[PDB]
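Encoded as structure tokens, the structure appears first; notes follow it.
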Amino acid sequence: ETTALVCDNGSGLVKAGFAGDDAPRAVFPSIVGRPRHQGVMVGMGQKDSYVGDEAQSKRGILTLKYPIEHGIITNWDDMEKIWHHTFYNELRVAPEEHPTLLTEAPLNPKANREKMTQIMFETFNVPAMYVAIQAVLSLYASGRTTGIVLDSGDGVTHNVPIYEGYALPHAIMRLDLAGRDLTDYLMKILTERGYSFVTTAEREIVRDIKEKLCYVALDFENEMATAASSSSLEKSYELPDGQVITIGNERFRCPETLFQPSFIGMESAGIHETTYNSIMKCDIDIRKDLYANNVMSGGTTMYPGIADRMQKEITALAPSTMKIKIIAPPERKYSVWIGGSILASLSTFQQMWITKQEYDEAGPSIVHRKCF
Amino acid sequence: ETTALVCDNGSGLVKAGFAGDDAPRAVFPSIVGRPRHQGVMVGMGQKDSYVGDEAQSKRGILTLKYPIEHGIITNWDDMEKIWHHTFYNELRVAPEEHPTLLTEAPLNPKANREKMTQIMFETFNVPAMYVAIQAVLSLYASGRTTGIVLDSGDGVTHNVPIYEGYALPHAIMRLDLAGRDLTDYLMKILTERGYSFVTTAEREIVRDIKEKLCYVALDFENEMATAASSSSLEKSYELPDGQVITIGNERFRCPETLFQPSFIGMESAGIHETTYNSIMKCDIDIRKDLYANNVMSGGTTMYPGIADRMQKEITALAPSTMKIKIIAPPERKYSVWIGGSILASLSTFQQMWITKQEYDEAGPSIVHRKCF
Amino acid sequence: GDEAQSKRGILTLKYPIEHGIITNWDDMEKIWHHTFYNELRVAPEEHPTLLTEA
Ligand SMILES: Nc1ncnc2c1ncn2[C@@H]1O[C@H](COP(=O)(O)OP(=O)(O)O)[C@@H](O)[C@H]1O
Ligand SMILES: Nc1ncnc2c1ncn2[C@@H]1O[C@H](COP(=O)(O)OP(=O)(O)O)[C@@H](O)[C@H]1O
Ligand SMILES: [Ca+2]
Ligand SMILES: [Ca+2]
């Protein structure tokens with residue numbers, strides 16, 4: 001009778017809805033805006049904190065804060081505000097009669113799970129809850145049981161291999177390189193053409209430029225030579241004050257940081273080498289099914305041409321006698337929520353929620369022994 | 001056998017001289033004045049424009065323009081006229097047989113730099129030239145190879161960390177808050193006492209008031225409290241007509257914009273926070289030396305008490321077991337030119353010059369491959 | 001060697017030996033030249049050398 005809630009809680013966006021639906025209902029950015037200037041007109045409902053899309057609507061006079069930074073909930077009061085907004089204003093449900101499934105990146109500190117369990121059980125008084133891993137839900141929404149999942153959101157890029165439903169925890173890769181860092185790099189390299197963007201409001205403008213105009217080049221040096229030789233790669237964008245900017249080679253220099261992370265000073269490997277070393281740390285017999293099932297998920301995998309670039313780099317890295325297939329659905333930026341909707345709707349799942357009585361008898365540490 | 005020219009062409013002043021010397025010869029402000037009233041006297045040796053100190057003396061009948069605005073050269077004919085003035089009239093030097101060294105703030109757009117190459121080679125026809133970063137020359141004048149440089153001039157305030165001669169480009173911070181913004185804020189808050197300063201001639205008068213009477217307070221709140229409760233902090237200044245003004249809490253409120261930049265409505269952080277984030281973005285081992293080698297340069301660091309205040313503010317943010325030393329030599333106003341003179345007169349430097357023939361096959365884009 | 005430890009912030013560090021097997025022979029030759037010439041300060045032409053292996 002009761003319908004479980006699925007709330008995919010990413011670093012940049014939050015996707016909330018009911019289990020069983022095909023698409024989430026409440027998709028809105030996880031920001032809290034606070035007023036920065038002097039309020040002179042008395043009345044008219046001047047609130048002290050705006051949460052969600054109205055913070056985007058009034059972002060010119062607000063300082064904007066992300067409570068989740070690289071998968072870490074830093075400011076818990078703002079995250080409680082976002083949870084209150086997504087329960088009472090967006091979905092408009094009573095949380096004390098609905099189970100709630102939550103998502104989390106792996107290799108994340110254990111205080112985060114305990115504090116989410118404490119806030120969801122004590123403040124909102126839910127009857128049951130569960131915390132799941134995002135890549136596992138991506139493989140659930142993919143409809144298969146074997147594959148290696150590369151999930152990259154706004155703050156974290158993780159990589160999990162699963163064979164026949166059994167995960168390999170020693171081969172899970174994590175990398176703090178995602179859309180926030182790509183946005184900051186694009187803010188850095190727009191100053192070469194004279195466009196200055198510094199404030200937190202215009203960071204969203206640079207993010208919109210990144211979403212609309214960036215793509216992954218198949219060969220970087222040839223695309224450098226093509227951009228230097230001609231001007232056919234240039235495109236124009238309209239700022240919301242009416243100014244028109246144009247960008248050339250900055251379209252594909254920005255997602256190249258995912259493949260060459262020495263552009264922002266990190267000495268770590270690119271995502272193709274991260275996927276290759278995740279496959280090579282796995283056992284000898286399961287690599288053949290993992291090369292053919294590179295499941296691709298998350299929001300920063302929506303660049304044009306990223307899948308062909310991953311195909312070229314992994315086929316270069318792997319031995320030539322094998323087939324490498326990369327699975328990129330067109331709905332892959334919602335795959336974590338769709339897998340959460342699939343998982344909460346199974347009849348075989350309904351005994352492994354964390355009930356209120358288990359929390360009362362075991363404290364917040366029940367989430368370590370039950371979830372994962 | 002020829003000598004190199006060193007020309008620090010900062011946004012407020014031009015400081016030019018020969019390499020190997022210890023002090024610059026031609027120091028004059030980067031202004032171009034044009035007449036704004038009608039000429040009624042026949043003869044008199046009247047000119048269409050004035051430059052440098054000659055524009056400074058006759059400023060009552062002139063409109064003054066700064067060709068450099070926050071580091072970016074806006075008007076190029078005026079900058080060409082200032083370069084012609086500092087070559088032919090100030091230094092008495094024919095520039096076709098002396099190589100020249102120029103300075104530039106980091107994260108500037110590229111299109112200045114090539115043009116800064118182009119009319120150095122096509123107009124003045126120098127045999128060689130080079131463009132350097134100001135903070136690197138500050139470390140050259142300091143005599144050491146490890147440190148983080150806070151260089152704040154008239155238009156650009158930037159932090160650059162260098163460890164063992166290796167710069168870290170991902171940790172360079174730029175902030176467009178410097179002496180002109182402090183001057184405009186001082187013109188804004190001087191209207192509270194009834195003193196109006198609106199024209200561009202009397203902006204120089206307010207700049208002189210800022211140079212003579214302003215200081216950085218150690219703690220802001222008790223300084224405001226003792227400014228309100230007494231009159232010992234007040235000082236008097238004589239205008240060149242004869243009028244005498246008296247200022248009180250405006251002496252320390254105008255440097256406070258460097259530490260509290262919300263006074264002019266800017267969302268960004270202060271210089272202590274900017275230096276702390278620039279240190280914290282660096283690698284984990286090198287932060288031991290970066291706390292102990294804070295180097296200041298530029299005229300905006302000439303306020304009394306800025307070093308003690310910056311030490312107290314960095315000491316609050318850093319952990320208590322780290323030793324923080326700020327180096328503020330009394331000659332650090334001229335330190336960019338001194339490092340330019342040390343670098344140009346150095347023996348292994350004379351193969352990094354961008355000569356005439358390399359510009360001839362490479363176009364103006366030689367400066368990106370060679371300089372920095 | 002030790003001067004790579006003192007400057008390890010601005011360096012990437014590589015081990016030529018990985019699980020006992022020498023992988024990068026140029027870096028191993030560099031370490032051998034450093035330990036013969038800069039640490040023991042001897043010429044290898046007049047000293048027999050004993051080596052160890054797993
Ligand atoms: N079409 C697109 N092209 C490029 N980047 C995108 C696109 N759509 C979303 N993104 C990026 O994905 C990031 C967040 O995606 P997502 O994983 O759905 O949210 P979260 O990280 O909150 O889970 C955003 O920072 C955004 O920049
Ligand atoms: N004694 C002083 N006290 C306070 N500020 C000063 C002093 N001398 C110069 N300044 C400020 O320094 C700014 C620029 O100085 P400087 O860095 O030498 O020139 P540039 O910015 O061209 O490199 C000027 O705007 C001036 O207001
Ligand atoms: Ca996500
Ligand atoms: Ca300067």
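Below, read A as the first sequence line, B as the second, and so on, with proteins coming before strands; counting in each chain starts at 1. These values consider heavy atoms only, across backbone and side chains, with no hydrogens, waters or symmetry-generated copies. Indexing begins at 1, ligand by ligand and atom by atom, following the structure's order.
With sequence neighbours excluded, the residues satisfying ring pair (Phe, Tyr, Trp, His ring centres under 6.0 Å) with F252(B) are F220(B).
Of the N and O atoms on the side chains of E69(B) and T74(B), not one donor lies less than 3.5 Å from an acceptor on the other residue.
Ion pairing between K188(B) and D184(B) fails under the 4.0 Å rule for side-chain N and carboxylate O. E204(A) and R59(A) are not joined by a salt bridge, as no carboxylate oxygen comes within less than 4.0 angstrom of a charged side-chain nitrogen. The existence of a salt bridge linking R174(A) and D176(A) is confirmed by a sub-4.0 Å separation between a basic side-chain nitrogen and an acidic carboxylate oxygen.
In this structure, ligand 1 sits under 4.0 Å from heavy atoms belonging to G10(A), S11(A), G12(A), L13(A), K15(A), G153(A), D154(A), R207(A), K210(A), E211(A), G299(A), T300(A), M302(A), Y303(A), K333(A).
For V216(A) against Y303(A), the heavy-atom pair with the smallest separation is CG2-CB, 3.7 Å.
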